[PDB]
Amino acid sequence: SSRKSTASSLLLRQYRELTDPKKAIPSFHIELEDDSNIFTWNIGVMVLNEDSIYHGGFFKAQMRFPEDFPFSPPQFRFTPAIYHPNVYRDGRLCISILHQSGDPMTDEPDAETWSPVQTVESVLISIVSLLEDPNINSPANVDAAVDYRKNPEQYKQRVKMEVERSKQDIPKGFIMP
């Protein structure tokens, strides 16, 4: 009985929930492309906590949703491919949350998988949590992975240059929270 509502309406309700200033949710700017395609969001991601290595960076992204939401997952990709250990040239991600587990799901028992009960905020929380704490059990064959593993100064230097490039795309658009 979970998600009796339409697909179009469900994305609209979660769009209004996450765009409400009064709600004020953990920093995520999201708006629909051409304010007309509901099923394609443009999402700017900022890092909350200073302890993580990506703090103070504005990385734009697109989330494309399928027709049968929410018993399929959406696709996520960064509008500029970034220097991350889990980001390919494409901009697509190695995340366990955006893929289905298969067969009788029954309990979805131990961790991190796509379900109908799963929400968009949940996807955005896990993109941030994987960004601030990268996951090396599923690395991507990008230079960023090899640099994180050997741990030279180049890793944090290319993180900083990318955070500076991200800061390059914030002034356009008055209200900067």
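Note that residue numbering begins at 1 and tracks the sequence as displayed.
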> Mean C-alpha B-factor higher for 152-160, or for 9-17?
Replying inline: 152-160
> So 79-87 or 98-106, which one's hotter by mean CA B-factor in the entry?
Replying inline: 98-106
> Which listed residue, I30, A140, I125, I53, has the largest C-alpha temperature factor in the record?
Replying inline: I53
> Compared with the other modelled residues in the chain, in which third is the CA B-factor of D35?
Replying inline: lowest
> In terms of the chain's CA B-factor thirds, is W41 lowest, middle or highest?
Replying inline: lowest
>> Please place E121 in the lowest, middle or highest third of its chain according to the CA B-factor in the PDB entry.
In response: lowest
>> Test of reading the entry: by CA B factor among the chain's modelled residues, which third contains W114?
In response: highest
> Against its chain's modelled residues, does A61's Cα B factor rank lowest, middle or highest third?
Replying inline: middle
